[PDB]
Ligand SMILES: NS(=O)(=O)/N=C1\NCc2ccccc2N1
Ligand SMILES: NS(=O)(=O)/N=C1\NCc2ccccc2N1
Ligand SMILES: [Zn+2]
């Protein structure tokens, strides 16, 4: 099945998922000089005060923190978006070393990790219908650089020992995703795709300009997770990122001057 290794990684995905070579694949390099300020854009509305986290799962690719998405509890609105997008899960991508790990790049710079908060457009009723639509998802992407600890990340770090291997999950209620956001909501946006198979071209990407800082010890703990299942040979969960893809006929817009 697909993964991040040399034999099943990003260079192989197109054989099972031919959209990997499509017209609106993600991630991309954000060339900051080429991105254009768009006064048509609004401020992003991130409304997470009623978020209800459920569980944290090691799915063999990353770990996902899942939310109750049966009601408008944690929603993204505004910015480039029409309508309301409900938070369903977040996850990260990270490297084996601090100089790599992000999916998006900024002027070719790679960050140590990237957070994806995944939301689906409520007009499509549920996530599985939303992924079939060109405006079905909005993913809020946040870069992580290594420096001071992020206090709002620590509860995630501290549960990772309980989900070390593929298929493990743990209760993860009462987690506040507001604690993962930087101060500024300035962003870049473009139309793209899921960055993992099935690579569906359903995403409005909103990538914040300001990274969050996390400590070397926090990201070290991400790198102790395993891709494998319990009882199988250990393969550390590192370098679970897709590299930048061709921009093709797209424009990246900036919310800021
Ligand atoms: N609304 S709910 O059932 O409590 N929460 C939901 N259901 C569907 C789903 C699937 C995967 C991840 C999160 C969620 N969230
Ligand atoms: N890294 S990403 O762009 O959020 N890709 C994702 N997110 C959501 C999701 C759920 C189910 C299957 C694949 C994917 N892929
Ligand atoms: Zn992702």
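Going by Swiss-Prot, the residues shown for chain A are 4-260, listed in order.
Heads up, header says this was done by X-ray crystallography, 1.0 Å.
Here the Cβ of each residue, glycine as well, is placed from N, Cα and C on the backbone.
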- Message: Looking at phosphoserine as annotated by Swiss-Prot, pick the matching residue from 50, 165, 218.
- Response: 165
- Here are some residues: 105, 172. Which is flagged as phosphoserine in Swiss-Prot? 172
- Query: To which of 107, 119 does Swiss-Prot also attribute binding of Zn(2+) at the site defined by 94, 96?
  - Reply: 119
- Message: If you count, for each of the recorded positions 62, 165, 199, the other Cβ atoms lying within 10 Å of its Cβ, which residue has the minimum?
- Response: 165
- Query: Tell me, which recorded positions from 62, 64, 96, 119, 165 are within 10 Å of residue 7 (site 'Fine-tunes the proton-transfer properties of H-64') if we use the C-alpha atoms?
  - Reply: 64
- Item | The one of 67, 172, 198 whose CB sees the fewest other CB atoms within 10 Å, among these recorded positions | 172
